[PDB]
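Residue-level structural notes
Each chain is listed here by its residues.
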Amino acid sequence: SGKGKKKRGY
Amino acid sequence: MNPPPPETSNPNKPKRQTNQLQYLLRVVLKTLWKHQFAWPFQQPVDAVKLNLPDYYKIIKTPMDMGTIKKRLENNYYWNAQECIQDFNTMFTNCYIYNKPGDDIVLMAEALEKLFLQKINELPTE
């Protein structure tokens, strides 16, 4: 139901 | 399944260059595109890859920055507001699908703040 935790890009 | 992505070129549409449209590509899109939170918004949401089986039950107007970029580049938009509407749709899609406080939502909120700062200086119509 969600996309989860995200890392940032550069 | 995912739907086909939104259309990005139509050779039968009339074409115009305007300061507003140029600014939307060269300042607004470019600034958001390069941001460290941009990557989840640079292409259509792939609900198959991301295992979001309910995504299109609520997201009936998908939008993303890859599509907006291509639309600008192909003179798909006539009125500046068409492009602004697409950015806004991208944000509001995120807020109706994803739980408040999820990382994607906090990323979209930061991008939307930046969008509003750049749109503030849009050229006049």
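Residues numbered from 1 in each chain as written, not as in the entry; some residues may be left out. Chains lettered and ligands numbered in written order. Heavy atoms only, no water.

X-ray crystallography is the method the PDB entry states for this structure, with the resolution given as 1.4000 Å.

1. Details of helix 1 (residues 19-34) of chain B
Residue and element names in this part refer to chain B. The line we're drawing: Strands here are runs of E lasting at least two residues and helices are runs of H or I lasting at least four, both read from the DSSP assignment and numbered beginning at the N terminus. One fewer than the residue count of a helix, multiplied by 1.5 Å, yields its expected span. Fitting axes to the seven residues that end at a residue and to the seven that start at it, the angle between those axes gives the bend at that residue. When a residue's accessible area, from a 1.4 Å probe over protein chains only, is under 20% of the maximum for its type it is buried; when over 50% it is exposed; and in between it is partly exposed. Between two residues, a contact is recorded if the distance between any of their heavy atoms is within 4.5 Å.
The first and last C-alpha atoms of helix 1 sit 21 Å apart over 16 residues, in line with the 22 Å expected at 1.5 Å per residue. Roughly 30° is the biggest bend found in helix 1, and it falls at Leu-25. Within helix 1 the residues assigned to the buried category are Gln-20, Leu-21, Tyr-23, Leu-24, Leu-25, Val-28, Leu-29, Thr-31 and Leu-32. For helix 1, the elements touching its buried residues are helix 3 (65-73), helix 4 (80-97) and helix 5 (103-119).

2. Looking at the environment of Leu114(B)
Tracing the sequence through the fold places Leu114(B) in helix 5. Remark: the alpha-carbon pair of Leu114(B) and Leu32(B), spanning 82 residues in sequence, is separated by 7.3 Å.

3. Description of the pattern of salt bridges
All names here are of chain B. The following threshold applies: A carboxyl oxygen of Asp or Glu within 4 Å of a side-chain nitrogen of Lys or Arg is what we treat as a salt bridge.
Taken as a whole, this structure holds two salt bridges over all chains when the rule is applied. The salt bridge partner of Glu-73 is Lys-69, with a shortest N-O separation of 2.8 Å. Here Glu-73 pairs with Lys-69, and both are found in helix 3, just four residues apart, close to one helical turn. With a closest N to O distance of 2.8 Å, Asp-86 and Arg-71 form a salt bridge. Pair noted here: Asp-86 is in helix 4 and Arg-71 is in helix 3, with a separation of 15 residues, a long-range link. A single burial state applies to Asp-86 and to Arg-71, both of which are buried.

4. A closer look at the nonpolar core
Residue and element names in this part refer to chain B. Using the following cut-off: Put simply, a nonpolar core is a bunch of buried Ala, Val, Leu, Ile, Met, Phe, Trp, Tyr and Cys residues held in one set by side-chain atoms that sit within 4.5 Å of each other.
Judged by nonpolar contacts, the single largest core of 29 residues is most densely connected at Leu-24, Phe-41, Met-65, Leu-72, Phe-87, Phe-91 and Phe-115. The set of elements that each furnish at least two residues to this core consists of helix 1, helix 3, helix 4 and helix 5. When near neighbours in sequence (up to four residues on either side) are disregarded, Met-65 contacts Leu-29, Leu-32, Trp-33, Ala-38, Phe-41, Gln-42, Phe-87 and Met-90. Grouped together as the second largest cluster of nonpolar side chains are seven residues, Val-45, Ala-47, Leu-52 and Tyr-97 included.

5. Brief notes about helix 5 of chain B
All names here are of chain B. Its 17 residues place the ends of helix 5 24 Å apart at the C-alpha level, agreeing with the 24 Å of an ideal helix rising 1.5 Å per residue. Within helix 5 the residues assigned to the buried category are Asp-103, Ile-104, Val-105, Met-107, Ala-108, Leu-111, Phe-115 and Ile-119. Residues of helix 5 that are buried sit in contact with helix 1 and helix 4.

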